[PDB]
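To be precise, the following lines are upload27.csv, and they hold CSV, C-alpha atoms and all ligand atoms.
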```
chain,number,residue,atom,x,y,z
A,16,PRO,CA,-14.6,16.9,9.7
A,17,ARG,CA,-14.0,18.3,6.2
A,18,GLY,CA,-16.5,16.0,4.4
A,19,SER,CA,-15.8,13.1,6.8
A,20,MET,CA,-13.3,10.3,6.1
A,21,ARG,CA,-13.3,8.6,2.8
A,22,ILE,CA,-11.5,5.5,1.4
A,23,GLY,CA,-12.5,5.5,-2.3
A,24,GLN,CA,-16.3,5.6,-2.8
A,25,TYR,CA,-16.8,4.8,0.9
A,26,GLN,CA,-17.4,7.6,3.4
A,27,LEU,CA,-16.8,6.5,7.0
A,28,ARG,CA,-19.2,7.4,9.8
A,29,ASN,CA,-16.3,8.7,11.9
A,30,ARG,CA,-12.5,9.1,11.8
A,31,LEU,CA,-11.8,6.2,14.1
A,32,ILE,CA,-10.4,2.9,12.8
A,33,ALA,CA,-10.0,-0.3,14.9
A,34,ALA,CA,-6.4,-1.5,14.1
A,35,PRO,CA,-5.9,-5.0,12.5
A,36,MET,CA,-4.4,-7.4,15.2
A,37,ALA,CA,-3.8,-11.0,14.2
A,38,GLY,CA,-5.0,-13.3,17.0
A,39,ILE,CA,-7.0,-10.5,18.7
A,40,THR,CA,-9.4,-9.1,16.0
A,41,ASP,CA,-11.8,-12.1,15.6
A,42,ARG,CA,-15.3,-11.5,14.2
A,43,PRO,CA,-16.8,-11.3,17.8
A,44,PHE,CA,-14.2,-8.6,18.9
A,45,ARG,CA,-14.3,-6.5,15.6
A,46,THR,CA,-18.2,-6.5,15.8
A,47,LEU,CA,-18.0,-5.4,19.5
A,48,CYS,CA,-15.6,-2.6,18.4
A,49,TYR,CA,-17.9,-1.5,15.7
A,50,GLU,CA,-21.0,-1.5,18.0
A,51,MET,CA,-18.8,0.5,20.5
A,52,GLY,CA,-18.0,3.3,18.0
A,53,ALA,CA,-15.4,2.2,15.5
A,54,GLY,CA,-16.1,3.7,12.0
A,55,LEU,CA,-14.1,0.8,10.5
A,56,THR,CA,-12.6,-2.6,11.6
A,57,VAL,CA,-9.8,-4.5,9.8
A,58,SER,CA,-9.6,-8.3,9.5
A,59,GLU,CA,-7.1,-11.0,8.4
A,60,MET,CA,-6.9,-12.6,5.0
A,61,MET,CA,-7.9,-16.4,4.7
A,81,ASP,CA,-20.8,-11.3,7.0
A,82,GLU,CA,-18.8,-8.6,8.9
A,83,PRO,CA,-19.6,-5.1,10.6
A,84,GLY,CA,-19.7,-2.0,8.4
A,85,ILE,CA,-17.4,-1.7,5.4
A,86,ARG,CA,-15.6,-5.1,5.0
A,87,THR,CA,-11.9,-4.3,5.1
A,88,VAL,CA,-9.5,-7.3,4.9
A,89,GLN,CA,-5.7,-7.0,5.2
A,90,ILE,CA,-3.3,-9.1,3.1
A,91,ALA,CA,0.3,-9.8,4.0
A,92,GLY,CA,3.2,-11.3,2.0
A,93,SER,CA,6.3,-10.5,-0.1
A,94,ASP,CA,5.4,-11.8,-3.7
A,95,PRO,CA,3.6,-9.2,-5.9
A,96,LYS,CA,1.7,-12.1,-7.8
A,97,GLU,CA,0.8,-14.1,-4.6
A,98,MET,CA,-0.3,-10.7,-3.1
A,99,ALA,CA,-2.6,-9.9,-6.1
A,100,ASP,CA,-4.2,-13.4,-5.8
A,101,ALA,CA,-4.9,-13.0,-2.1
A,102,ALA,CA,-6.5,-9.6,-2.9
A,103,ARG,CA,-8.7,-11.3,-5.6
A,104,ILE,CA,-9.6,-14.4,-3.5
A,105,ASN,CA,-10.6,-12.1,-0.5
A,106,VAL,CA,-12.7,-9.7,-2.7
A,107,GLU,CA,-14.6,-12.7,-4.2
A,108,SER,CA,-15.1,-13.8,-0.5
A,109,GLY,CA,-16.7,-10.4,0.3
A,110,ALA,CA,-13.9,-7.9,1.0
A,111,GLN,CA,-15.0,-4.3,0.0
A,112,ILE,CA,-11.6,-2.8,0.8
A,113,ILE,CA,-8.2,-4.6,0.7
A,114,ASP,CA,-5.4,-3.4,3.0
A,115,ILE,CA,-1.7,-4.2,2.6
A,116,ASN,CA,0.5,-5.0,5.7
A,117,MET,CA,3.9,-3.2,5.4
A,118,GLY,CA,4.1,-2.4,9.1
A,119,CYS,CA,4.6,-5.5,11.2
A,120,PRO,CA,8.2,-5.7,12.5
A,121,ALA,CA,8.8,-9.5,12.7
A,122,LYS,CA,6.3,-10.9,10.3
A,123,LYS,CA,7.0,-14.0,8.2
A,124,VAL,CA,4.5,-15.0,5.5
A,125,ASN,CA,5.3,-18.3,3.7
A,126,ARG,CA,8.7,-18.3,5.6
A,127,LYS,CA,9.7,-15.0,3.9
A,128,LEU,CA,10.2,-11.7,5.7
A,129,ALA,CA,7.1,-9.5,5.1
A,130,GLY,CA,5.6,-6.4,6.8
A,131,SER,CA,8.0,-3.5,7.4
A,132,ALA,CA,10.9,-5.7,6.1
A,133,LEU,CA,9.5,-4.7,2.7
A,134,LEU,CA,10.0,-1.0,3.6
A,135,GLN,CA,13.8,-1.5,3.1
A,136,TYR,CA,13.3,-2.1,-0.6
A,137,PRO,CA,11.1,0.5,-2.5
A,138,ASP,CA,11.3,-1.7,-5.7
A,139,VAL,CA,9.5,-4.7,-4.0
A,140,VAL,CA,7.1,-2.1,-2.5
A,141,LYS,CA,6.5,-0.5,-6.0
A,142,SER,CA,5.8,-4.0,-7.5
A,143,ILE,CA,3.4,-5.3,-4.7
A,144,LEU,CA,1.4,-2.0,-4.7
A,145,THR,CA,1.1,-1.9,-8.5
A,146,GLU,CA,0.1,-5.6,-8.8
A,147,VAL,CA,-2.5,-5.6,-5.9
A,148,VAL,CA,-4.1,-2.3,-7.1
A,149,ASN,CA,-4.6,-3.5,-10.7
A,150,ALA,CA,-5.8,-7.0,-9.5
A,151,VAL,CA,-8.9,-5.8,-7.7
A,152,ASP,CA,-11.7,-3.2,-8.7
A,153,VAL,CA,-11.9,-2.5,-4.9
A,154,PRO,CA,-10.2,0.4,-3.0
A,155,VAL,CA,-6.6,-0.7,-1.9
A,156,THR,CA,-5.0,0.8,1.2
A,157,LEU,CA,-1.5,0.5,2.8
A,158,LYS,CA,-0.4,0.2,6.4
A,159,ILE,CA,3.3,1.2,7.0
A,160,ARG,CA,5.9,2.3,9.6
A,161,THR,CA,8.3,5.3,9.6
A,162,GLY,CA,11.0,3.1,7.9
A,163,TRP,CA,13.2,0.1,8.8
A,164,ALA,CA,15.4,1.8,11.4
A,165,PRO,CA,15.7,5.4,13.0
A,166,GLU,CA,18.5,6.2,10.5
A,167,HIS,CA,16.3,4.9,7.6
A,168,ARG,CA,12.9,6.7,7.7
A,169,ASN,CA,11.7,6.6,4.1
A,170,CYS,CA,8.1,7.5,5.1
A,171,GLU,CA,7.6,10.3,2.6
A,172,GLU,CA,9.1,8.2,-0.3
A,173,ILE,CA,6.9,5.2,0.5
A,174,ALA,CA,3.8,7.5,0.9
A,175,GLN,CA,4.5,9.3,-2.5
A,176,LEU,CA,5.1,5.9,-4.2
A,177,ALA,CA,1.9,4.4,-2.7
A,178,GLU,CA,-0.1,7.3,-4.1
A,179,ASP,CA,1.5,6.8,-7.6
A,180,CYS,CA,0.7,3.1,-7.5
A,181,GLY,CA,-3.0,3.8,-6.9
A,182,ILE,CA,-3.3,3.4,-3.1
A,183,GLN,CA,-6.4,5.2,-1.8
A,184,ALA,CA,-5.5,5.6,1.9
A,185,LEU,CA,-2.3,5.3,4.0
A,186,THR,CA,-2.0,4.3,7.7
A,187,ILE,CA,1.3,5.2,9.4
A,188,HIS,CA,2.3,3.8,12.8
A,189,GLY,CA,4.7,6.4,14.3
A,190,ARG,CA,7.5,3.9,14.9
A,191,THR,CA,10.2,2.4,12.7
A,192,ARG,CA,10.6,-1.3,12.3
A,193,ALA,CA,13.5,-1.3,14.9
A,194,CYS,CA,11.4,0.5,17.5
A,195,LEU,CA,9.2,-2.5,17.8
A,196,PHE,CA,6.8,-1.6,20.6
A,197,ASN,CA,9.4,0.3,22.5
A,198,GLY,CA,9.7,4.0,23.5
A,199,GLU,CA,6.9,6.3,22.3
A,200,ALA,CA,5.3,6.7,18.9
A,201,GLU,CA,6.1,10.0,17.1
A,202,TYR,CA,3.8,12.1,14.9
A,203,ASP,CA,6.4,14.2,13.1
A,204,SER,CA,6.7,11.7,10.2
A,205,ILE,CA,2.9,11.4,9.9
A,206,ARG,CA,2.6,15.3,9.9
A,207,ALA,CA,5.3,15.5,7.1
A,208,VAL,CA,3.7,12.7,5.0
A,209,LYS,CA,0.2,14.4,5.2
A,210,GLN,CA,1.7,17.7,3.9
A,211,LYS,CA,3.3,15.8,0.9
A,212,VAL,CA,0.6,13.4,-0.1
A,213,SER,CA,-3.0,14.0,-1.5
A,214,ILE,CA,-4.5,10.6,-0.3
A,215,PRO,CA,-6.1,10.3,3.2
A,216,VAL,CA,-3.5,9.6,5.9
A,217,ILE,CA,-4.5,7.6,9.1
A,218,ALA,CA,-2.4,8.4,12.2
A,219,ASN,CA,-1.5,5.4,14.4
A,220,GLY,CA,0.6,4.6,17.5
A,221,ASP,CA,-0.1,5.2,21.2
A,222,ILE,CA,-3.5,6.8,20.8
A,223,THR,CA,-4.8,5.7,24.3
A,224,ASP,CA,-7.4,8.3,25.3
A,225,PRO,CA,-9.6,11.1,23.8
A,226,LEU,CA,-7.2,14.0,24.8
A,227,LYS,CA,-4.2,12.3,23.1
A,228,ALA,CA,-6.4,11.6,20.0
A,229,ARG,CA,-7.4,15.3,19.6
A,230,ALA,CA,-3.7,16.4,20.1
A,231,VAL,CA,-2.4,13.9,17.4
A,232,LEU,CA,-5.3,14.9,15.0
A,233,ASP,CA,-4.4,18.6,15.5
A,234,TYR,CA,-0.6,18.2,15.2
A,235,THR,CA,-0.5,15.8,12.3
A,236,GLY,CA,-3.6,17.1,10.4
A,237,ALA,CA,-4.4,13.4,9.6
A,238,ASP,CA,-7.7,12.3,8.2
A,239,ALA,CA,-8.4,9.6,10.7
A,240,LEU,CA,-6.9,7.8,13.8
A,241,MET,CA,-6.3,4.1,14.2
A,242,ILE,CA,-6.4,2.6,17.7
A,243,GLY,CA,-5.1,-0.9,18.5
A,244,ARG,CA,-3.9,-2.0,22.0
A,245,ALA,CA,-6.1,0.5,23.9
A,246,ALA,CA,-9.3,-1.2,22.5
A,247,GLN,CA,-8.4,-4.7,23.9
A,248,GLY,CA,-9.6,-4.0,27.5
A,249,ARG,CA,-11.7,-0.9,26.7
A,250,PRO,CA,-13.6,-1.6,23.3
A,251,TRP,CA,-15.9,1.4,24.2
A,252,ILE,CA,-12.8,3.8,23.8
A,253,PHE,CA,-14.0,4.4,20.2
A,254,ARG,CA,-17.3,6.2,21.3
A,255,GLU,CA,-15.3,8.0,24.1
A,256,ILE,CA,-12.8,9.4,21.6
A,257,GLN,CA,-15.5,10.2,18.9
A,258,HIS,CA,-17.6,12.1,21.5
A,259,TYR,CA,-14.6,14.3,22.5
A,260,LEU,CA,-13.6,14.9,18.8
A,261,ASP,CA,-17.2,15.9,18.0
A,262,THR,CA,-18.4,17.9,21.1
A,263,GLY,CA,-15.2,18.9,23.1
A,264,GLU,CA,-17.1,17.2,26.0
A,265,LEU,CA,-16.0,13.9,27.6
A,266,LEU,CA,-18.3,10.9,28.1
A,267,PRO,CA,-18.3,10.0,31.9
A,268,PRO,CA,-16.5,6.6,32.7
A,269,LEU,CA,-18.6,3.6,31.9
A,270,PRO,CA,-20.1,2.5,35.3
A,271,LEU,CA,-19.2,-1.0,36.7
A,272,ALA,CA,-22.8,-2.3,36.0
A,273,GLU,CA,-22.7,-1.3,32.2
A,274,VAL,CA,-19.2,-2.9,31.9
A,275,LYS,CA,-20.6,-6.2,33.4
A,276,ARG,CA,-23.4,-6.2,30.8
A,277,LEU,CA,-21.0,-5.6,27.9
A,278,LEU,CA,-18.3,-8.1,29.1
A,279,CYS,CA,-20.9,-10.8,29.9
A,280,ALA,CA,-22.8,-10.3,26.6
A,281,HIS,CA,-19.4,-10.7,24.8
A,282,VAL,CA,-18.3,-13.9,26.7
A,283,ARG,CA,-21.8,-15.4,25.8
A,284,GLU,CA,-21.1,-14.5,22.1
A,285,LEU,CA,-17.8,-16.2,22.5
A,286,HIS,CA,-19.5,-19.3,23.6
A,287,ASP,CA,-21.7,-19.4,20.5
A,288,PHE,CA,-19.0,-18.7,18.0
A,289,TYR,CA,-16.4,-21.6,18.5
A,290,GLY,CA,-18.6,-23.4,20.9
A,291,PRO,CA,-18.3,-23.7,24.7
A,292,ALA,CA,-15.1,-25.9,24.2
A,293,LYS,CA,-12.8,-23.5,22.4
A,294,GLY,CA,-14.8,-20.5,23.6
A,295,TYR,CA,-14.0,-20.5,27.3
A,296,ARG,CA,-10.3,-20.4,26.1
A,297,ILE,CA,-10.9,-17.2,24.1
A,298,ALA,CA,-13.2,-15.6,26.6
A,299,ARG,CA,-10.3,-16.1,29.1
A,300,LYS,CA,-8.0,-14.1,26.7
A,301,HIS,CA,-10.6,-11.2,26.1
A,302,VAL,CA,-11.5,-11.0,29.9
A,303,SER,CA,-7.7,-11.0,30.8
A,304,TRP,CA,-7.3,-7.8,28.6
A,305,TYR,CA,-10.1,-6.0,30.6
A,306,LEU,CA,-8.5,-7.3,33.8
A,307,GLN,CA,-4.9,-6.3,32.6
A,308,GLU,CA,-6.2,-2.6,32.2
A,309,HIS,CA,-8.7,-2.2,35.1
A,310,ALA,CA,-7.2,-4.5,37.8
A,311,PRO,CA,-3.8,-6.2,36.8
A,312,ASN,CA,-2.6,-7.2,40.3
A,313,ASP,CA,-5.9,-8.8,41.4
A,314,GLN,CA,-7.2,-12.0,43.1
A,315,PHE,CA,-9.9,-12.4,40.4
A,316,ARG,CA,-7.3,-12.5,37.5
A,317,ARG,CA,-5.6,-15.6,38.9
A,318,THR,CA,-8.9,-17.4,39.8
A,319,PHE,CA,-10.7,-16.7,36.5
A,320,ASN,CA,-7.7,-18.0,34.4
A,321,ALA,CA,-7.9,-21.3,36.4
A,322,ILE,CA,-11.6,-21.9,35.3
A,323,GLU,CA,-12.1,-24.7,32.6
A,324,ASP,CA,-16.0,-24.4,32.2
A,325,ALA,CA,-17.9,-21.9,30.0
A,326,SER,CA,-21.0,-21.6,32.4
A,327,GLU,CA,-18.7,-21.1,35.5
A,328,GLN,CA,-16.9,-18.2,33.6
A,329,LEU,CA,-20.2,-16.3,33.3
A,330,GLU,CA,-21.1,-17.1,37.0
A,331,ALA,CA,-17.6,-16.0,38.3
A,332,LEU,CA,-17.8,-12.8,36.1
A,333,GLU,CA,-21.0,-11.5,37.6
A,334,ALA,CA,-19.7,-12.5,41.1
A,335,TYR,CA,-16.7,-10.1,40.7
A,336,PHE,CA,-18.8,-7.2,39.5
A,337,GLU,CA,-21.3,-7.5,42.4
A,338,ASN,CA,-18.6,-6.7,45.1
A,339,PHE,CA,-18.7,-3.0,43.9
A,340,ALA,CA,-22.6,-3.0,44.0
A,401,LIG,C1,-0.7,-8.6,19.2
A,401,LIG,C2,-0.6,-7.6,18.0
A,401,LIG,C3,-1.0,-8.1,16.8
A,401,LIG,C4,-0.9,-7.2,15.7
A,401,LIG,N1,-1.2,-7.6,14.4
A,401,LIG,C5,-1.1,-6.8,13.3
A,401,LIG,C6,-1.5,-7.2,12.0
A,401,LIG,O1,-1.9,-8.4,11.7
A,401,LIG,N2,-1.5,-6.3,11.0
A,401,LIG,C7,-1.0,-5.1,11.2
A,401,LIG,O2,-0.9,-4.2,10.2
A,401,LIG,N3,-0.7,-4.6,12.4
A,401,LIG,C8,-0.7,-5.4,13.5
A,401,LIG,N4,-0.4,-5.0,14.8
A,401,LIG,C9,0.0,-3.6,14.8
A,401,LIG,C10,-1.0,-2.7,15.5
A,401,LIG,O3,-1.9,-2.3,14.5
A,401,LIG,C11,-0.4,-1.7,16.4
A,401,LIG,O4,-0.7,-2.0,17.8
A,401,LIG,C12,-0.7,-0.3,16.0
A,401,LIG,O5,-0.3,-0.3,14.6
A,401,LIG,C13,0.1,0.7,16.8
A,401,LIG,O6,-0.1,0.6,18.2
A,401,LIG,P1,-1.4,1.0,19.1
A,401,LIG,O7,-1.9,-0.3,19.5
A,401,LIG,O8,-0.8,1.9,20.1
A,401,LIG,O9,-2.3,1.7,18.1
A,401,LIG,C14,-0.4,-5.8,15.9
A,401,LIG,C15,-0.1,-5.4,17.2
A,401,LIG,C16,-0.2,-6.2,18.3
A,401,LIG,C17,0.2,-5.7,19.6
```

Mind turning the file's structure into structure tokens?
Ligand SMILES: Cc1cc2nc3c(=O)[nH]c(=O)nc-3n(C[C@H](O)[C@H](O)[C@H](O)COP(=O)(O)O)c2cc1C
Amino acid sequence: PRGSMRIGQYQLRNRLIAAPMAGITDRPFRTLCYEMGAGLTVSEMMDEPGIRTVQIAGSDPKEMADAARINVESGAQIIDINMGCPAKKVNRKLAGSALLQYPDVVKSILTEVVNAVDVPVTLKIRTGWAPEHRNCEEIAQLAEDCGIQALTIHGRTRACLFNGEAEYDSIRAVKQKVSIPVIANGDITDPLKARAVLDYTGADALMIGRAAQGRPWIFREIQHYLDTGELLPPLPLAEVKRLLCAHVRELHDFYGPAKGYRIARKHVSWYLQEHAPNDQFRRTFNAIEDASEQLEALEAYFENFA
């Protein structure tokens, strides 16, 4: 790392960011990601792990600037701007990558949010609105001019949704044009892909989303390879059990055993969706309606491999 990764005055411990994911990234999950190797975790706008990064979404420059102010007063150290989501509505208005079609609304939101807070302001985007409309370099150059201190690019256009494959050509081109740190994002699913994307794009950091849902330990696995060129062995079934059971217990404190078992069901189904999707345990665990039974059924499944 050439002097590590830095967002303003903040130097990150590593070049691995846990992607913001509305509904998924709760305080328990983000904390688990950070404990598992994430250099930074991003949360939703209205006592967190590492540097407190809160992402704001919306379409009105003034409303955006207020959300930035309210969340900094609430403890946010870094404010991020969502200009990436492909079907995001905020206060009934089209936000996210919808904003990428209009560089004038982009210019206005970035200017207003940057001069509202005395905190580093970052931007999360997409290639453009459609494959014919990739304005990636334009939006990156403008973000830098508005005072943005880091830029994340998911390698898909708004139209792409979650289809096909992410591309790193746009990311590579932006990094060569812009002076601010660029974060590569989209389909970074293992350490080898991560190294390949970092090498091709020349990016300052990597952002991983969906691959952390059923494998939160992927952050240390990717960091280890980037650092040493050596792979960490797969986490044995006993260590997985310890981590998943310590997490479901934490999900029974936060929100209580009433709403908790419902969340622990979500977070366990992500692990199950990745390590055993067409399984007998998946259907039976989702049927459970008691918090103590969930922990009992969880250690029952992991003991069959012992
Ligand atoms: C369920 C879900 C929720 C998401 N929510 C947000 C969000 O609130 N803000 C945002 O910028 N991106 C959001 N994303 C985009 C992720 O950051 C996205 O997965 C990442 O940008 C690229 O894909 P990856 O998971 O392969 O890294 C979301 C994605 C998913 C699948």

Env of stretch 132-141 of chain A: 10 Å cut, atoms = all atoms listed in the file, seq-sep filter 4 positions within chain, self excluded. Answer as a ChimeraX atom specification. /A:92-95,116-123,127-128,145-146,159-164,167-170,172-173,176-177,179-180,191-192

I'd like to know which of A:334, A:236, A:47, A:38 is closest to residue A:300, using only C-alpha atoms. A:38

Could you build a table of the residues in chain A lying no more than 10 Å from ligand LIG 401 (chain A), giving for each the nearest pair of atoms and their separation in Å rounded to one decimal place, using only C-alpha atoms and all ligand atoms, ordered by chain and ascending residue number, as a Markdown table?
```
| residue | atom | partner | partner_atom | distance |
| --- | --- | --- | --- | --- |
| A:32 | CA | A:LIG401 | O9 | 9.8 |
| A:33 | CA | A:LIG401 | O3 | 8.4 |
| A:34 | CA | A:LIG401 | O3 | 4.6 |
| A:35 | CA | A:LIG401 | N2 | 4.8 |
| A:36 | CA | A:LIG401 | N1 | 3.3 |
| A:37 | CA | A:LIG401 | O1 | 4.1 |
| A:38 | CA | A:LIG401 | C3 | 6.6 |
| A:39 | CA | A:LIG401 | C1 | 6.6 |
| A:40 | CA | A:LIG401 | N1 | 8.5 |
| A:57 | CA | A:LIG401 | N2 | 8.6 |
| A:58 | CA | A:LIG401 | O1 | 8.0 |
| A:59 | CA | A:LIG401 | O1 | 6.7 |
| A:60 | CA | A:LIG401 | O1 | 9.4 |
| A:89 | CA | A:LIG401 | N2 | 7.2 |
| A:90 | CA | A:LIG401 | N2 | 8.6 |
| A:91 | CA | A:LIG401 | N2 | 8.0 |
| A:114 | CA | A:LIG401 | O2 | 8.5 |
| A:115 | CA | A:LIG401 | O2 | 7.6 |
| A:116 | CA | A:LIG401 | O2 | 4.8 |
| A:117 | CA | A:LIG401 | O2 | 6.9 |
| A:118 | CA | A:LIG401 | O2 | 5.4 |
| A:119 | CA | A:LIG401 | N3 | 5.5 |
| A:120 | CA | A:LIG401 | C9 | 8.8 |
| A:122 | CA | A:LIG401 | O1 | 8.7 |
| A:130 | CA | A:LIG401 | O2 | 7.7 |
| A:131 | CA | A:LIG401 | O2 | 9.4 |
| A:157 | CA | A:LIG401 | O2 | 8.8 |
| A:158 | CA | A:LIG401 | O2 | 5.8 |
| A:159 | CA | A:LIG401 | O2 | 7.6 |
| A:160 | CA | A:LIG401 | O5 | 8.4 |
| A:186 | CA | A:LIG401 | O5 | 8.5 |
| A:187 | CA | A:LIG401 | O5 | 7.7 |
| A:188 | CA | A:LIG401 | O5 | 5.2 |
| A:189 | CA | A:LIG401 | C13 | 7.7 |
| A:190 | CA | A:LIG401 | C13 | 8.3 |
| A:195 | CA | A:LIG401 | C13 | 9.7 |
| A:196 | CA | A:LIG401 | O6 | 7.6 |
| A:199 | CA | A:LIG401 | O8 | 9.1 |
| A:200 | CA | A:LIG401 | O8 | 7.9 |
| A:218 | CA | A:LIG401 | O9 | 8.9 |
| A:219 | CA | A:LIG401 | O9 | 5.3 |
| A:220 | CA | A:LIG401 | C13 | 4.0 |
| A:221 | CA | A:LIG401 | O8 | 3.5 |
| A:222 | CA | A:LIG401 | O8 | 5.6 |
| A:223 | CA | A:LIG401 | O8 | 6.9 |
| A:240 | CA | A:LIG401 | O9 | 8.8 |
| A:241 | CA | A:LIG401 | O9 | 6.1 |
| A:242 | CA | A:LIG401 | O9 | 4.2 |
| A:243 | CA | A:LIG401 | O7 | 3.4 |
| A:244 | CA | A:LIG401 | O7 | 3.6 |
| A:245 | CA | A:LIG401 | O7 | 6.1 |
| A:246 | CA | A:LIG401 | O7 | 8.0 |
| A:247 | CA | A:LIG401 | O7 | 9.0 |
```

Would you mind telling me which residue in A:152, A:107, A:82, A:97 lies nearest to residue A:124 when using all atoms listed in the file?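 Using all atoms listed in the file, residue A:124 sits closest to A:97.
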
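You can rank A:286, A:229, A:209, A:254 by their closest distance to residue A:29 using only C-alpha atoms, and at the top of that list sits A:254.
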
Residues within 10 Å of residue A:27, please, as a PyMOL selection string. Count all atoms listed in the file; anything in the same chain fewer than 3 positions from it doesn't count. chain A and resi 18-22+24+30-32+53-55+84-85+239

Pull C-alpha atoms from the residues just selected and write them as a compact mmCIF listing (two decimals), in the frame of the given file.
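Once written, result09.txt looks like this:
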```
# COMPACT_ATOMS: atom_id res chain seq x y z
CA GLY A 18 -16.50 16.00 4.40
CA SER A 19 -15.80 13.10 6.80
CA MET A 20 -13.30 10.30 6.10
CA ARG A 21 -13.30 8.60 2.80
CA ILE A 22 -11.50 5.50 1.40
CA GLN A 24 -16.30 5.60 -2.80
CA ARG A 30 -12.50 9.10 11.80
CA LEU A 31 -11.80 6.20 14.10
CA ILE A 32 -10.40 2.90 12.80
CA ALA A 53 -15.40 2.20 15.50
CA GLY A 54 -16.10 3.70 12.00
CA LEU A 55 -14.10 0.80 10.50
CA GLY A 84 -19.70 -2.00 8.40
CA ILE A 85 -17.40 -1.70 5.40
CA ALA A 239 -8.40 9.60 10.70
```

From the options A:201, A:150, A:166, A:318, which residue's atoms come nearest to residue A:181, counting only C-alpha atoms?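 For residue A:181, the nearest of the given residues is A:150.
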
Measuring between all atoms listed in the file, which one of A:269, A:331, A:51, A:237 shows the shortest distance to residue A:213? A:237

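Pairwise distance (atom CA of residue A:307, atom CA of residue A:274) equals 14.7 Å.
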
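Using only C-alpha atoms, the nearest neighbour of residue A:327 within the list A:299, A:110, A:310, A:204 is A:299.
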
Work out how far apart atom CA of residue A:267 and atom CA of residue A:330 are and give it in Å to one decimal. 27.7 Å

If we count all atoms listed in the file and set the cut-off at 10 Å, which residues sit around residue A:284, ignoring sequence neighbours fewer than 6 positions away in its own chain? Please answer as an NGL selection string. :A and (43-44 or 47 or 278 or 290-291 or 294 or 298)

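The spacing separating atom CA of residue A:113 from atom CA of residue A:154 amounts to 6.5 Å.
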
Go ahead and find all residues with at least one atom no further than 6 Å from (-11.5, -2.0, -0.1) in the file's coordinates, using all atoms listed in the file; report them as a PyMOL selection string. chain A and resi 87+111-113+153-155

Will you model N, CA, C and O atoms for stretch 226-236 of chain A and pass it back as a PDB file, in the frame of the given file?
```
ATOM      1  N   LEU A 226      -8.106  12.789  24.748  1.00  0.00           N
ATOM      2  CA  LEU A 226      -7.200  14.000  24.800  1.00  0.00           C
ATOM      3  C   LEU A 226      -5.984  13.807  23.886  1.00  0.00           C
ATOM      4  O   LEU A 226      -5.644  14.744  23.159  1.00  0.00           O
ATOM      5  N   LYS A 227      -5.335  12.614  23.911  1.00  0.00           N
ATOM      6  CA  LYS A 227      -4.200  12.300  23.100  1.00  0.00           C
ATOM      7  C   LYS A 227      -4.633  12.268  21.608  1.00  0.00           C
ATOM      8  O   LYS A 227      -3.948  12.805  20.751  1.00  0.00           O
ATOM      9  N   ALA A 228      -5.783  11.679  21.339  1.00  0.00           N
ATOM     10  CA  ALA A 228      -6.400  11.600  20.000  1.00  0.00           C
ATOM     11  C   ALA A 228      -6.556  12.960  19.364  1.00  0.00           C
ATOM     12  O   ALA A 228      -6.116  13.127  18.231  1.00  0.00           O
ATOM     13  N   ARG A 229      -7.154  13.936  20.083  1.00  0.00           N
ATOM     14  CA  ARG A 229      -7.400  15.300  19.600  1.00  0.00           C
ATOM     15  C   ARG A 229      -6.037  15.967  19.305  1.00  0.00           C
ATOM     16  O   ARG A 229      -5.893  16.520  18.210  1.00  0.00           O
ATOM     17  N   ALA A 230      -5.046  15.845  20.225  1.00  0.00           N
ATOM     18  CA  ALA A 230      -3.700  16.400  20.100  1.00  0.00           C
ATOM     19  C   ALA A 230      -2.927  15.837  18.885  1.00  0.00           C
ATOM     20  O   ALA A 230      -2.222  16.621  18.234  1.00  0.00           O
ATOM     21  N   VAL A 231      -3.068  14.524  18.573  1.00  0.00           N
ATOM     22  CA  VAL A 231      -2.400  13.900  17.400  1.00  0.00           C
ATOM     23  C   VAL A 231      -3.141  14.359  16.137  1.00  0.00           C
ATOM     24  O   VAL A 231      -2.471  14.708  15.175  1.00  0.00           O
ATOM     25  N   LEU A 232      -4.485  14.414  16.138  1.00  0.00           N
ATOM     26  CA  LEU A 232      -5.300  14.900  15.000  1.00  0.00           C
ATOM     27  C   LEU A 232      -4.920  16.302  14.650  1.00  0.00           C
ATOM     28  O   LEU A 232      -4.818  16.632  13.474  1.00  0.00           O
ATOM     29  N   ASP A 233      -4.746  17.155  15.679  1.00  0.00           N
ATOM     30  CA  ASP A 233      -4.400  18.600  15.500  1.00  0.00           C
ATOM     31  C   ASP A 233      -2.997  18.766  15.026  1.00  0.00           C
ATOM     32  O   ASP A 233      -2.796  19.555  14.097  1.00  0.00           O
ATOM     33  N   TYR A 234      -2.016  18.061  15.625  1.00  0.00           N
ATOM     34  CA  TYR A 234      -0.600  18.200  15.200  1.00  0.00           C
ATOM     35  C   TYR A 234      -0.373  17.685  13.831  1.00  0.00           C
ATOM     36  O   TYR A 234       0.252  18.382  13.042  1.00  0.00           O
ATOM     37  N   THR A 235      -0.800  16.454  13.543  1.00  0.00           N
ATOM     38  CA  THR A 235      -0.500  15.800  12.300  1.00  0.00           C
ATOM     39  C   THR A 235      -1.403  16.249  11.100  1.00  0.00           C
ATOM     40  O   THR A 235      -0.986  16.093   9.949  1.00  0.00           O
ATOM     41  N   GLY A 236      -2.609  16.754  11.388  1.00  0.00           N
ATOM     42  CA  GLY A 236      -3.600  17.100  10.400  1.00  0.00           C
ATOM     43  C   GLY A 236      -4.170  15.957   9.613  1.00  0.00           C
ATOM     44  O   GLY A 236      -4.768  16.130   8.550  1.00  0.00           O
TER      45      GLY A 236
END
```
